[PDB]
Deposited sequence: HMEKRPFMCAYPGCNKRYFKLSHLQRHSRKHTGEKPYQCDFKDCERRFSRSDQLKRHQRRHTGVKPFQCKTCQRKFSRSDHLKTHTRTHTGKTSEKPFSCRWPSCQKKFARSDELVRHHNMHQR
């Protein structure tokens, strides 16, 4: 785990440093305040500085949930949302809250 960040931001007063030039060029859009990637869903009008941020956001509109829990078959749109959910099973036949297995799990969604 190295800390050498050779790419420094040239913005006046900014001390940001990054390991890769792509990370620095991605940071430079924060000073310009430009957010060109706008969500065109109804009654949203949200916008982001990065295209991947817009695609992550638009999954809440499209209902795309590629990540599925191997224990209770619950689906999530993000990998970190799935990993956090799996902690509910570590502490605690039906693995859904308040219910007494694949058919039952699939019917919950």
Take the full deposited sequence, match it to the modelled residues, and report the stretches without C-alphas.
93-98, 107-114, 124
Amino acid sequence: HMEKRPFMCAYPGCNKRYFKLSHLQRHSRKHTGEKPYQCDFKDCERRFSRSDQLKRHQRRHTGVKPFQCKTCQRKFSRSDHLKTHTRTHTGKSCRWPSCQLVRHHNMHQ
From here on, numbers count along this sequence of modelled residues.
Per the entry, where is the mean C-alpha temperature factor higher: 78-86 or 41-49?
41-49
Entry-level comparison of average CA B-factors, 31-39 and 56-64, reporting the higher stretch:
31-39
In terms of the chain's CA B-factor thirds, is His23 lowest, middle or highest?
lowest
